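In structure tokens, the next block holds one chain alone, the form solved without the ligand.
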């Protein structure tokens, strides 16, 4: 038991919708599931703080890392230990795309920080809902750096990333996630 999955992409890429549909799919199959998300699954106040405040990228990354540290320890690892499929809407790859490719932080430092923040926990599969910023349902150069950063991450770890066309019908996307998922159960 225990299966750790994540969803990634730009805000408005369909992640919550696809996390919900994946939950329901797994509920329909009798498989215990836990939905969670970042930011805020570890330290809710990190999410609400950063709604109205803009910090250096380093400080932003470090707040998200503290939230992720609590999130992994109090939510994700306990859920996995109970044998659940734990699905996180955003995880480490979010910081790497947004604070790294987006705001310019060096990836090897981000990962060194993450190593103890996440206790080395990595998803078995990560679904990237890929689209241009203009297609997001909810400046443009920044968001394009993020989109490309995600695609770069996916190219480096083709054993973990599944890249999906986020502009396809939500049902069609969900059925694609289910086919990629079927061999792992």
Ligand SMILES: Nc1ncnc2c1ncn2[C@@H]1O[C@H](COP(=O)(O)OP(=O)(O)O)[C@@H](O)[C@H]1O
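Positions refer to the first chain, counted from 1.
Only in words, not in the display: the form solved in complex with the ligand, which the text now covers.
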Note to self: Under a 4.5 Å heavy atom criterion, is residue 173 part of the interface with the ligand in the deposited complex?
What the structure shows: yes
Next item on the list: Consider residue 162 of the chain shown here, and say whether it contacts the ligand in the deposited complex, taking contact as heavy atoms within 4.5 Å.
Entry: no
Margin query: With a cut-off of 4.5 Å between heavy atoms, is residue 168 one of the residues that contacts the ligand in the deposited complex?
Written below: yes
Item checked: Heavy atom within 4.5 Å of the ligand in the deposited complex - qualifying residues of 1-34 -> 10, 11, 12, 13, 14, 15, 16, 17
